[PDB]
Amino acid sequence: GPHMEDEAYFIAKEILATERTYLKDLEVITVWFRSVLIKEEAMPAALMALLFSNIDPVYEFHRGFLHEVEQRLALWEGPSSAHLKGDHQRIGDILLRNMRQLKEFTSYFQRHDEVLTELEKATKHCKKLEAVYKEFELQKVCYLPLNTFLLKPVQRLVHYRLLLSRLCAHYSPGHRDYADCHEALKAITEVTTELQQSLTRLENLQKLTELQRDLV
């Protein structure tokens, strides 16, 4: 069982829970929207490829990251032993491994600003596709405008930086989990830095289409 002054436990709880919701969000694209693009064939196969090819492996990656965290957390709050209660009540080893793995996926995240760009390009010139968009954006699943979900990935990586930061603040240099978390932070940071151009470009694309619907 966990101790109730252990901020680390709660940060892990937070990482896990915010990962589940992140993944449910990606499903708004990878499952539900796709279900609809397939029924309608409104999106050219090439552009469809462009979208799904740079989300699907991202989703697959997280699902594995989630699984490792879920497993650890259930040993953490579960009845542990003596020798095991040390390895069970930590999370930096897992975070370090997946933040490192992440460095391989930057390729896809970097493209999300093009994906959005091409989606908006095609969506303008094709009334049939626009129709499908309006229609899907009415479904309870699509709680934000669809193209807004395209920012959720890059934003998730920012959240990681945040979460790791708080971990490195809580742990003291003596701790069995300090070293791993500090390297983890370094890795997520390198990645957030590398995707800054793309995050800014994405952020600005979203502001523009929102602002343009709201002229004073």
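The numbering used is simple: start at 1 and walk along the sequence shown.
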Report task. Tell me which of 52 to 60 and 172 to 180 has the higher mean C-alpha B-factor in the deposited entry. Result -> 172 to 180
Report task. Please work out which of 6 to 14 and 19 to 27 has the higher mean CA B-factor as recorded in the PDB entry. Result -> 6 to 14
Query raised in the report: Taking the values straight from the PDB record, which of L144, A82, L102, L95 has the highest C-alpha temperature factor?
Result: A82
Report summary line: Binned into thirds over the chain's modelled residues, the C-alpha B-factor of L157 lands in the lowest
Report task. Ordered by C-alpha B-factor within the chain, which third holds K186? Give me lowest, middle or highest, please. Result -> highest
Query raised in the report: Hey, what third does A42 fall into on Cα B-factor, ranked over its chain?
Result: highest
Report summary line: Of the three thirds of Cα B-factor ranks in this chain, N204 occupies the lowest
Query - Chain-wide C-alpha B factor ranking for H112, given as lowest, middle or highest third - result: lowest
